[PDB]
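coords.txt, holding compact mmCIF, C-alpha atoms:
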```
# COMPACT_ATOMS: atom_id res chain seq x y z
CA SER A 1 -9.97 6.61 -20.90
CA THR A 2 -8.67 3.42 -19.30
CA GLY A 3 -5.58 1.20 -19.44
CA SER A 4 -4.96 -2.48 -18.64
CA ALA A 5 -1.58 -4.23 -18.59
CA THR A 6 -0.37 -7.67 -17.48
CA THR A 7 2.31 -7.77 -14.79
CA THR A 8 4.64 -10.78 -14.56
CA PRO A 9 6.92 -12.13 -11.80
CA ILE A 10 10.63 -11.75 -12.69
CA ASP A 11 11.58 -15.12 -11.18
CA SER A 12 10.29 -18.23 -9.41
CA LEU A 13 10.11 -16.46 -6.01
CA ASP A 14 8.03 -13.42 -7.10
CA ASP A 15 10.95 -11.17 -6.04
CA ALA A 16 9.40 -8.42 -8.19
CA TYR A 17 6.96 -7.89 -11.06
CA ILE A 18 7.52 -6.29 -14.48
CA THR A 19 4.95 -4.61 -16.70
CA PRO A 20 5.51 -3.63 -20.35
CA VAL A 21 5.52 0.12 -21.03
CA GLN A 22 5.69 1.88 -24.43
CA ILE A 23 7.95 4.97 -24.50
CA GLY A 24 8.53 7.27 -27.46
CA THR A 25 7.72 7.34 -31.17
CA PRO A 26 8.04 4.76 -32.63
CA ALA A 27 7.32 2.84 -29.43
CA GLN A 28 10.20 1.52 -27.41
CA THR A 29 8.90 -1.15 -25.04
CA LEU A 30 10.62 -1.51 -21.68
CA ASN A 31 9.64 -3.80 -18.81
CA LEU A 32 9.24 -1.64 -15.73
CA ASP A 33 8.78 -2.32 -12.02
CA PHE A 34 5.54 -0.55 -11.01
CA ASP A 35 6.30 0.85 -7.56
CA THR A 36 3.57 2.34 -5.33
CA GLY A 37 6.33 3.24 -2.84
CA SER A 38 8.12 5.81 -5.06
CA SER A 39 7.33 8.50 -7.62
CA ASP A 40 10.01 8.51 -10.32
CA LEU A 41 9.67 6.87 -13.73
CA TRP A 42 13.26 6.07 -14.64
CA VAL A 43 14.79 3.86 -17.28
CA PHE A 44 17.99 2.24 -18.38
CA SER A 45 19.02 4.27 -21.43
CA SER A 46 21.62 5.03 -24.06
CA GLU A 47 23.14 7.35 -21.47
CA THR A 48 23.65 4.68 -18.79
CA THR A 49 27.29 3.93 -17.90
CA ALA A 50 28.03 0.94 -20.14
CA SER A 51 29.67 -1.13 -17.38
CA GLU A 52 26.42 -0.81 -15.41
CA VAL A 53 24.18 -2.34 -18.09
CA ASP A 54 23.93 -6.13 -18.16
CA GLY A 55 21.09 -7.33 -20.35
CA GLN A 56 18.50 -4.61 -19.80
CA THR A 57 16.56 -3.12 -22.67
CA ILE A 58 17.46 0.56 -23.01
CA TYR A 59 15.55 3.71 -23.93
CA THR A 60 17.28 5.67 -26.69
CA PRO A 61 15.83 9.22 -26.72
CA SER A 62 17.61 10.18 -29.96
CA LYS A 63 15.50 7.57 -31.80
CA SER A 64 12.21 9.04 -30.54
CA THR A 65 10.66 11.84 -32.60
CA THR A 66 8.62 12.93 -29.57
CA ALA A 67 11.48 12.99 -27.00
CA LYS A 68 12.57 16.43 -25.73
CA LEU A 69 15.38 17.04 -23.23
CA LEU A 70 14.02 18.70 -20.10
CA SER A 71 16.71 21.33 -20.00
CA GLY A 72 18.65 21.54 -16.76
CA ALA A 73 16.70 18.86 -14.90
CA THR A 74 18.41 16.06 -13.00
CA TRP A 75 17.28 13.31 -10.65
CA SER A 76 18.77 11.13 -7.96
CA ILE A 77 17.01 8.56 -5.80
CA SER A 78 17.88 6.09 -3.03
CA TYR A 79 15.50 3.32 -2.04
CA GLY A 80 14.76 1.63 1.27
CA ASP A 81 16.84 -1.42 0.32
CA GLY A 82 19.97 0.68 -0.28
CA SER A 83 19.86 0.74 -4.07
CA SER A 84 20.08 3.97 -6.09
CA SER A 85 20.13 5.57 -9.53
CA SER A 86 20.51 9.05 -11.06
CA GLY A 87 20.62 10.91 -14.35
CA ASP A 88 18.89 13.53 -16.48
CA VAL A 89 15.36 13.93 -17.84
CA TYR A 90 13.40 13.81 -21.07
CA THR A 91 9.71 14.31 -21.73
CA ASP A 92 8.08 11.82 -24.12
CA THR A 93 4.92 9.87 -24.85
CA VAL A 94 4.31 6.98 -22.46
CA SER A 95 1.59 4.35 -22.83
CA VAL A 96 0.56 1.63 -20.38
CA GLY A 97 -1.89 -1.01 -21.55
CA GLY A 98 -3.56 1.30 -24.10
CA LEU A 99 -3.52 4.41 -21.89
CA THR A 100 -1.38 7.28 -23.23
CA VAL A 101 0.25 10.28 -21.52
CA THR A 102 1.99 12.92 -23.61
CA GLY A 103 4.76 14.99 -22.02
CA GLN A 104 5.56 12.41 -19.31
CA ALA A 105 8.88 12.93 -17.53
CA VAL A 106 11.09 10.00 -18.47
CA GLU A 107 14.11 9.97 -16.18
CA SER A 108 17.18 8.69 -18.00
CA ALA A 109 19.74 6.83 -15.89
CA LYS A 110 23.37 7.84 -16.17
CA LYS A 111 24.23 5.75 -13.10
CA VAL A 112 22.62 2.76 -11.38
CA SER A 113 23.76 0.73 -8.36
CA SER A 114 24.84 -2.89 -8.66
CA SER A 115 21.50 -4.42 -7.60
CA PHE A 116 19.84 -2.83 -10.64
CA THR A 117 22.70 -3.90 -12.92
CA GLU A 118 22.36 -7.50 -11.64
CA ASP A 119 18.56 -7.48 -12.30
CA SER A 120 18.66 -8.04 -16.10
CA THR A 121 14.86 -8.40 -16.19
CA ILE A 122 14.06 -4.90 -14.85
CA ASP A 123 14.54 -2.04 -17.37
CA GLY A 124 13.49 0.64 -14.88
CA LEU A 125 10.82 1.73 -12.41
CA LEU A 126 7.44 3.44 -12.78
CA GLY A 127 6.51 5.21 -9.58
CA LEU A 128 2.91 5.33 -8.40
CA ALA A 129 3.25 6.99 -4.98
CA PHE A 130 2.35 10.68 -4.64
CA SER A 131 4.17 13.19 -6.84
CA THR A 132 5.46 15.04 -3.77
CA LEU A 133 8.18 12.35 -3.55
CA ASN A 134 9.42 12.87 -7.10
CA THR A 135 13.15 13.65 -7.08
CA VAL A 136 13.50 15.74 -10.25
CA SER A 137 15.27 19.03 -9.63
CA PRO A 138 14.86 21.98 -9.88
CA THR A 139 11.33 21.42 -11.20
CA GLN A 140 9.54 18.49 -9.58
CA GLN A 141 7.64 16.24 -11.99
CA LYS A 142 4.35 14.32 -11.83
CA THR A 143 3.84 10.55 -11.89
CA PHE A 144 2.28 8.74 -14.83
CA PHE A 145 -0.91 8.28 -12.76
CA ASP A 146 -1.08 11.95 -11.80
CA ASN A 147 -0.69 12.98 -15.43
CA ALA A 148 -3.36 10.50 -16.60
CA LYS A 149 -5.83 11.18 -13.75
CA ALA A 150 -8.02 13.81 -15.37
CA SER A 151 -8.48 11.70 -18.53
CA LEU A 152 -9.35 8.51 -16.63
CA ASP A 153 -12.97 7.33 -16.44
CA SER A 154 -12.42 7.11 -12.66
CA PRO A 155 -9.33 8.48 -10.83
CA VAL A 156 -8.08 5.06 -9.68
CA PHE A 157 -5.65 2.32 -10.50
CA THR A 158 -5.77 -1.27 -9.23
CA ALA A 159 -3.10 -3.85 -8.43
CA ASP A 160 -3.96 -7.52 -8.89
CA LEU A 161 -0.67 -9.36 -8.34
CA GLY A 162 -0.32 -13.09 -8.89
CA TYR A 163 1.23 -15.81 -6.72
CA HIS A 164 3.81 -17.48 -8.97
CA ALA A 165 1.71 -16.26 -11.89
CA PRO A 166 0.84 -13.20 -13.98
CA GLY A 167 -1.53 -10.48 -12.79
CA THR A 168 -2.90 -7.12 -13.82
CA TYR A 169 -2.56 -3.36 -13.35
CA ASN A 170 -5.68 -1.46 -14.43
CA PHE A 171 -6.02 2.33 -14.76
CA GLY A 172 -9.31 4.18 -14.69
CA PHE A 173 -11.71 1.38 -13.78
CA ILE A 174 -12.46 -1.38 -11.29
CA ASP A 175 -12.84 -4.85 -12.79
CA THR A 176 -15.72 -6.27 -10.78
CA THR A 177 -14.94 -9.78 -12.10
CA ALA A 178 -11.45 -9.80 -10.59
CA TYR A 179 -12.40 -10.21 -6.92
CA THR A 180 -14.84 -11.97 -4.61
CA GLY A 181 -17.18 -10.39 -2.07
CA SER A 182 -16.93 -6.66 -1.52
CA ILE A 183 -14.14 -4.12 -1.56
CA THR A 184 -13.42 -2.60 1.88
CA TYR A 185 -12.08 0.93 1.74
CA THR A 186 -9.84 2.46 4.38
CA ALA A 187 -8.40 5.95 5.00
CA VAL A 188 -5.04 7.09 3.59
CA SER A 189 -2.52 9.61 4.87
CA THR A 190 -0.50 11.33 2.14
CA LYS A 191 1.64 13.18 4.70
CA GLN A 192 4.80 11.12 3.95
CA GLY A 193 4.04 10.81 0.22
CA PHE A 194 3.00 7.15 0.49
CA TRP A 195 -0.21 5.15 0.28
CA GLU A 196 -0.19 5.00 4.09
CA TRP A 197 -3.04 3.32 5.97
CA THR A 198 -3.84 1.57 9.25
CA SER A 199 -4.56 -2.15 9.41
CA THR A 200 -6.96 -3.18 12.19
CA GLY A 201 -5.00 -6.24 13.34
CA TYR A 202 -3.84 -9.76 12.55
CA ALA A 203 -4.17 -13.48 13.09
CA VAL A 204 -1.68 -16.36 12.75
CA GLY A 205 -3.03 -19.52 11.13
CA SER A 206 -6.34 -20.53 12.70
CA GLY A 207 -5.59 -18.39 15.76
CA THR A 208 -7.82 -15.71 17.22
CA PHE A 209 -7.72 -12.26 15.67
CA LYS A 210 -5.78 -9.63 17.59
CA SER A 211 -7.30 -6.17 17.26
CA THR A 212 -4.51 -3.65 17.07
CA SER A 213 -3.63 -0.68 14.86
CA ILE A 214 -0.73 -1.23 12.48
CA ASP A 215 0.29 1.84 10.45
CA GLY A 216 1.92 0.92 7.13
CA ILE A 217 2.31 1.53 3.39
CA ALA A 218 0.93 -0.38 0.42
CA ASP A 219 4.12 -0.87 -1.59
CA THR A 220 4.12 -2.95 -4.77
CA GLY A 221 7.86 -2.29 -5.10
CA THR A 222 8.77 -4.18 -1.90
CA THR A 223 8.91 -7.97 -2.05
CA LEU A 224 8.13 -8.99 1.52
CA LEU A 225 5.75 -8.10 4.37
CA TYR A 226 7.48 -5.97 7.07
CA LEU A 227 5.66 -5.66 10.39
CA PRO A 228 6.40 -4.83 14.05
CA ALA A 229 8.73 -7.21 15.87
CA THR A 230 5.95 -8.34 18.25
CA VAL A 231 3.71 -9.44 15.35
CA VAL A 232 6.54 -11.16 13.48
CA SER A 233 7.71 -13.03 16.60
CA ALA A 234 4.13 -14.26 17.18
CA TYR A 235 4.03 -15.58 13.58
CA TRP A 236 7.36 -17.40 13.51
CA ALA A 237 6.74 -18.91 16.99
CA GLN A 238 4.17 -21.14 15.27
CA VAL A 239 6.82 -22.65 12.96
CA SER A 240 8.99 -25.41 14.47
CA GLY A 241 12.65 -24.54 14.23
CA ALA A 242 12.18 -20.98 12.95
CA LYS A 243 14.64 -18.42 14.23
CA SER A 244 15.89 -14.90 13.57
CA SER A 245 19.38 -15.08 12.03
CA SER A 246 21.53 -11.95 12.08
CA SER A 247 24.00 -13.69 9.74
CA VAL A 248 21.32 -14.25 7.11
CA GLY A 249 19.43 -11.02 7.81
CA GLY A 250 16.05 -12.11 9.15
CA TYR A 251 13.80 -15.01 10.07
CA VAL A 252 14.66 -18.38 8.52
CA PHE A 253 12.85 -21.67 8.90
CA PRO A 254 13.36 -25.35 8.04
CA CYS A 255 12.52 -25.96 4.38
CA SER A 256 10.65 -29.07 5.61
CA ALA A 257 8.03 -26.91 7.40
CA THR A 258 4.43 -26.26 6.53
CA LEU A 259 3.85 -22.53 7.04
CA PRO A 260 0.68 -21.22 8.68
CA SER A 261 -1.41 -18.54 7.00
CA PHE A 262 -1.33 -14.88 8.10
CA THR A 263 -4.46 -12.71 8.26
CA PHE A 264 -4.45 -8.89 8.28
CA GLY A 265 -7.37 -6.59 9.00
CA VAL A 266 -8.87 -3.98 6.73
CA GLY A 267 -11.52 -2.31 8.83
CA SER A 268 -13.96 -5.08 9.73
CA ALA A 269 -12.75 -7.22 6.78
CA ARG A 270 -9.92 -9.77 6.66
CA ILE A 271 -7.31 -10.66 4.03
CA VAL A 272 -5.77 -14.11 4.33
CA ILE A 273 -2.22 -14.71 3.10
CA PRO A 274 -1.76 -18.45 2.49
CA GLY A 275 1.28 -20.01 4.16
CA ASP A 276 2.87 -20.86 0.79
CA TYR A 277 3.07 -17.11 -0.04
CA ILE A 278 5.44 -16.68 2.92
CA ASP A 279 8.05 -19.22 1.61
CA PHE A 280 10.97 -17.57 -0.23
CA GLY A 281 13.04 -20.70 -0.57
CA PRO A 282 16.55 -21.79 0.38
CA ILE A 283 18.78 -19.00 1.73
CA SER A 284 21.50 -20.28 -0.63
CA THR A 285 21.37 -22.88 -3.39
CA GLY A 286 20.90 -26.33 -1.90
CA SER A 287 20.45 -25.20 1.72
CA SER A 288 17.75 -26.74 3.91
CA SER A 289 17.24 -23.37 5.61
CA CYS A 290 14.51 -21.26 3.93
CA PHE A 291 13.92 -17.49 4.05
CA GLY A 292 10.73 -16.11 5.56
CA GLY A 293 8.35 -13.80 3.74
CA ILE A 294 7.27 -12.00 6.91
CA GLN A 295 10.07 -9.95 8.48
CA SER A 296 10.53 -7.30 11.21
CA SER A 297 10.17 -3.64 10.22
CA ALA A 298 12.26 -2.62 13.25
CA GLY A 299 15.07 -0.45 11.95
CA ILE A 300 13.20 0.33 8.70
CA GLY A 301 11.16 2.97 10.47
CA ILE A 302 7.86 2.08 8.82
CA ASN A 303 5.71 -1.03 8.30
CA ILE A 304 5.48 -2.21 4.66
CA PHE A 305 2.62 -4.14 3.10
CA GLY A 306 4.71 -5.41 0.20
CA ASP A 307 3.93 -8.00 -2.48
CA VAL A 308 3.55 -10.88 0.02
CA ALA A 309 0.49 -9.11 1.43
CA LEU A 310 -0.79 -7.31 -1.68
CA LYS A 311 -0.80 -10.41 -3.92
CA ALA A 312 -3.36 -12.02 -1.59
CA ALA A 313 -5.79 -9.19 -2.45
CA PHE A 314 -7.37 -7.11 -5.19
CA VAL A 315 -6.16 -3.63 -4.25
CA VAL A 316 -7.72 -0.27 -5.27
CA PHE A 317 -5.52 2.81 -5.19
CA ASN A 318 -8.15 5.56 -5.17
CA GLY A 319 -6.70 8.93 -6.24
CA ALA A 320 -9.85 10.97 -5.64
CA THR A 321 -9.50 14.37 -3.96
CA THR A 322 -9.46 12.46 -0.71
CA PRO A 323 -7.42 9.36 -1.49
CA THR A 324 -8.33 5.96 -0.06
CA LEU A 325 -7.25 2.30 -0.39
CA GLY A 326 -9.57 -0.63 -1.07
CA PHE A 327 -8.94 -4.33 -0.43
CA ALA A 328 -10.94 -7.36 -1.58
CA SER A 329 -10.30 -11.09 -1.40
CA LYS A 330 -9.92 -12.93 -4.69
```
Using structure tokens, write down the structure from this file.
Amino acid sequence: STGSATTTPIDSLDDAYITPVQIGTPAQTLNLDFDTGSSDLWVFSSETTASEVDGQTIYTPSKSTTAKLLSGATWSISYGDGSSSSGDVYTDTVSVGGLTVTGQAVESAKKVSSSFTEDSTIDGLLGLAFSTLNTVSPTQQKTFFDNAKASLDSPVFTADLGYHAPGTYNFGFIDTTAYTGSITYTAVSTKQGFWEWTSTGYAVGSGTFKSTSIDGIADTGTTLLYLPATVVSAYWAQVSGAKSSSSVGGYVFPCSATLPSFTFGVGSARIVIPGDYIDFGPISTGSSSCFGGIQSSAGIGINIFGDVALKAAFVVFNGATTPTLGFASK
């Protein structure tokens, strides 16, 4: 089997992407944030504290003939940006782009933090990291991908995110029309539960490539590109007037600037992020100070290849016995 679904930016800055997911019988369609940095599929639901719902579409298990309460199971998760959610668990039928899993754990939110409440366009998350990170207790549950794996034509899914435009998540096959040149594969460590790999270096604009190992995670659920302070300083030094602002919370730059590109290494290959991808607009409405899309990972504790980097590439998440990551230009 295979699946194929379109993923769409939630706003004009590509702050996140939502993908339609069918849950239950008859189908209830919710727009979920596919997150390769976590491993819980959770949804706004009929059980969610009413004051904490503001425009989201909710899952109502009592209206699904295939929903079963997973007796005794609960979940609770906190993300790298400080947000959180928690609740109980159902199993139900879940389909993504034509691909169906029966008995998928659907984690029903009783509580969500304010950032989720304020995001009316995101109805929940669908985790695509390794199932070892799943928070369901006392019986840990598998991701949608893990459950589908055996039925897939090939044990892979691919992320093809757009710049200010729709893109695609495919399951079970590699669309050879969706990228240019070849796909370069690189080793993955599953030791922390993430799609963790090592980039072979970087370049700033038309500058020379610096060979240097950068350990990081491929995380579709993170907006920006977070890299070591040395790398990030070298990038923003090429932008007149750019500075790190503790009051704003990172590097800002004059909105009148033309940003240079940023290149990252995948083995001997190179992915080029155009300068425009690194512009996240005025820090506040009407300001002439703009927020940078490349930020320091110092204090996060890990480097994150988020959407800024991933949307410049066609990315293969290979879930073979020995997992690997593939990157191609597009």
Closest pair table for region 103-183 of chain A residues within 10 Å of region 213-228 of chain A, only C-alpha atoms, as CSV:
```
residue,atom,partner,partner_atom,distance
A:125,CA,A:221,CA,8.9
A:126,CA,A:221,CA,9.6
A:127,CA,A:221,CA,8.8
A:128,CA,A:220,CA,9.1
A:129,CA,A:219,CA,8.6
A:159,CA,A:220,CA,8.1
A:161,CA,A:220,CA,8.8
```
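CA of residue 254 (chain A) sits 6.2 Å away from CA of residue 288 (chain A).
As for CA of residue 52 (chain A) and CA of residue 249 (chain A), they are spaced 26.3 Å apart.
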* **Atomic distance CA of residue 108 (chain A) - CA of residue 138 (chain A), expressed in Å with one decimal** => 15.7 Å
Report the closest atom pair, with its distance in Å rounded to one decimal, for each residue of region 93-182 of chain A that has an atom no farther than 10 Å from region 320-326 of chain A; count only C-alpha atoms, sort by chain and then rising residue number, and write it as CSV.
```
residue,atom,partner,partner_atom,distance
A:149,CA,A:320,CA,9.1
A:154,CA,A:320,CA,8.4
A:155,CA,A:320,CA,5.8
A:156,CA,A:320,CA,7.4
A:158,CA,A:326,CA,9.0
A:182,CA,A:326,CA,9.5
```
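Nearest residue to residue 55 (chain A), choosing from A:38, A:116, A:151, A:210 and counting all atoms listed in the file: A:116.
Residue nearest residue 71 (chain A), chosen from A:91, A:271, A:282, A:13 and counting all atoms listed in the file: A:91.
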* For residue 195 (chain A), which residue out of A:303, A:296, A:51, A:147 is the nearest one, using all atoms listed in the file? -> A:303
Using only C-alpha atoms, find all polymer residues with an atom at most 6 Å away from the point (-10.6, -3.5, 13.5); report them as an mmCIF file with C-alpha atoms, in the frame of the given file.
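In the end it all went to result-v8.cif:
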```
data_model
loop_
_atom_site.group_PDB
_atom_site.id
_atom_site.type_symbol
_atom_site.label_atom_id
_atom_site.label_comp_id
_atom_site.auth_asym_id
_atom_site.auth_seq_id
_atom_site.Cartn_x
_atom_site.Cartn_y
_atom_site.Cartn_z
ATOM 1 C CA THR A 200 -6.960 -3.180 12.190
ATOM 2 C CA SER A 211 -7.300 -6.170 17.260
ATOM 3 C CA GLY A 267 -11.520 -2.310 8.830
ATOM 4 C CA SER A 268 -13.960 -5.080 9.730
#
```
* Residues at most 9 Å from residue 114 (chain A), counting all atoms listed in the file, excluding those fewer than 5 positions away in the same chain, as a PyMOL selection string? -> chain A and resi 52+83-84+119
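The nearest approach to residue 42 (chain A) among the residues A:318, A:247, A:85, A:186, with only C-alpha atoms taken into account, belongs to A:85.
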* **Contact residues around residue 99 (chain A) with all atoms listed in the file at 9 Å, ignoring same-chain residues under 2 positions, as a list in words** => residues 1, 2, 3, 4, 94, 95, 96, 97, 101, 148, 152 and 171 of chain A
Create the file for the chosen residues now, containing C-alpha atoms and written as a JSON list (two decimals), keeping the file's coordinate frame.
```
[["chain", "number", "residue", "atom", "x", "y", "z"],
["A", 1, "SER", "CA", -9.97, 6.61, -20.90],
["A", 2, "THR", "CA", -8.67, 3.42, -19.30],
["A", 3, "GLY", "CA", -5.58, 1.20, -19.44],
["A", 4, "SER", "CA", -4.96, -2.48, -18.64],
["A", 94, "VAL", "CA", 4.31, 6.98, -22.46],
["A", 95, "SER", "CA", 1.59, 4.35, -22.83],
["A", 96, "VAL", "CA", 0.56, 1.63, -20.38],
["A", 97, "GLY", "CA", -1.89, -1.01, -21.55],
["A", 101, "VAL", "CA", 0.25, 10.28, -21.52],
["A", 148, "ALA", "CA", -3.36, 10.50, -16.60],
["A", 152, "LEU", "CA", -9.35, 8.51, -16.63],
["A", 171, "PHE", "CA", -6.02, 2.33, -14.76]]
```
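Minimum distance to residue 181 (chain A) across A:327, A:79, A:209, A:236 (counting all atoms listed in the file) occurs at A:327.
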Excluding region 18-28 of chain A and any residue of its chain fewer than 2 positions from it, enumerate the residues within 8 Å of it, using only C-alpha atoms, and give them as an mmCIF file with C-alpha atoms, in the coordinates of the input.
```
data_model
loop_
_atom_site.group_PDB
_atom_site.id
_atom_site.type_symbol
_atom_site.label_atom_id
_atom_site.label_comp_id
_atom_site.auth_asym_id
_atom_site.auth_seq_id
_atom_site.Cartn_x
_atom_site.Cartn_y
_atom_site.Cartn_z
ATOM 1 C CA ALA A 5 -1.580 -4.230 -18.590
ATOM 2 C CA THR A 6 -0.370 -7.670 -17.480
ATOM 3 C CA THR A 7 2.310 -7.770 -14.790
ATOM 4 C CA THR A 8 4.640 -10.780 -14.560
ATOM 5 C CA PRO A 9 6.920 -12.130 -11.800
ATOM 6 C CA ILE A 10 10.630 -11.750 -12.690
ATOM 7 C CA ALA A 16 9.400 -8.420 -8.190
ATOM 8 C CA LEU A 30 10.620 -1.510 -21.680
ATOM 9 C CA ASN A 31 9.640 -3.800 -18.810
ATOM 10 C CA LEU A 32 9.240 -1.640 -15.730
ATOM 11 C CA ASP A 33 8.780 -2.320 -12.020
ATOM 12 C CA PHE A 34 5.540 -0.550 -11.010
ATOM 13 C CA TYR A 59 15.550 3.710 -23.930
ATOM 14 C CA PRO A 61 15.830 9.220 -26.720
ATOM 15 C CA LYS A 63 15.500 7.570 -31.800
ATOM 16 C CA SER A 64 12.210 9.040 -30.540
ATOM 17 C CA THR A 65 10.660 11.840 -32.600
ATOM 18 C CA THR A 66 8.620 12.930 -29.570
ATOM 19 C CA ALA A 67 11.480 12.990 -27.000
ATOM 20 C CA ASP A 92 8.080 11.820 -24.120
ATOM 21 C CA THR A 93 4.920 9.870 -24.850
ATOM 22 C CA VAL A 94 4.310 6.980 -22.460
ATOM 23 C CA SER A 95 1.590 4.350 -22.830
ATOM 24 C CA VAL A 96 0.560 1.630 -20.380
ATOM 25 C CA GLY A 97 -1.890 -1.010 -21.550
ATOM 26 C CA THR A 121 14.860 -8.400 -16.190
ATOM 27 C CA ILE A 122 14.060 -4.900 -14.850
#
```
